[PDB]
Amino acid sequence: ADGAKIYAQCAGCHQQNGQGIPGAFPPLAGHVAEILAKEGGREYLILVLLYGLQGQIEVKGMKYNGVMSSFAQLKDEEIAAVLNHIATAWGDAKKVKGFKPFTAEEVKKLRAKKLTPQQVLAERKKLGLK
């Protein structure tokens, strides 16, 4: 799959440049590294794409309280590809030591236990993110 093309086709919130919209849609550029640096961060990113997200969160010191839908209609390889895009397009992976590209088997394993958006929030909190 081509992660850049998949991303294009769903970039209307986080923007083609991944910088988001202040207060509305959080940034991905420069923030993916922050999540990947946490134990369980790569699994969390997969869960957001499979199952969506809701709840109050903080990103780069700004509060968000929005909703994101599931993208489970994407295949395992397509979720892996768009995560590799957001991890590399704006240099985020260059900040975390030992990063390896996302793989279809990681997504397959997590698709096997369905979560609600509210449970995805609980997983974010388990990472130590506010």
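Numbers for residues come from their place in the sequence shown, where the first is 1. Under this definition, the rigid core comprises the largest set of C-alpha atoms superposing within 1.5 Å between the forms.
Per-stretch RMS Cα distance to the displayed form in 4 other deposited structures of this protein, following rigid core alignment, is highest for 90-98 when 50-58 and 90-98 are compared.
Of the two stretches examined, 120-128 and 3-11, the one with higher mean CA deviation in 4 other deposited structures of this protein after a rigid core fit is 3-11. The deposited model assigns a higher average Cα B-factor to 64-72 than to the other stretch when 64-72 and 49-57 are compared.
Look at the mean CA B-factor for 77-85 and for 94-102 in the entry; the higher one is 94-102. As recorded in the PDB entry, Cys10 shows the highest C-alpha B-factor of the residues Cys10, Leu110, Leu121, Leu115.
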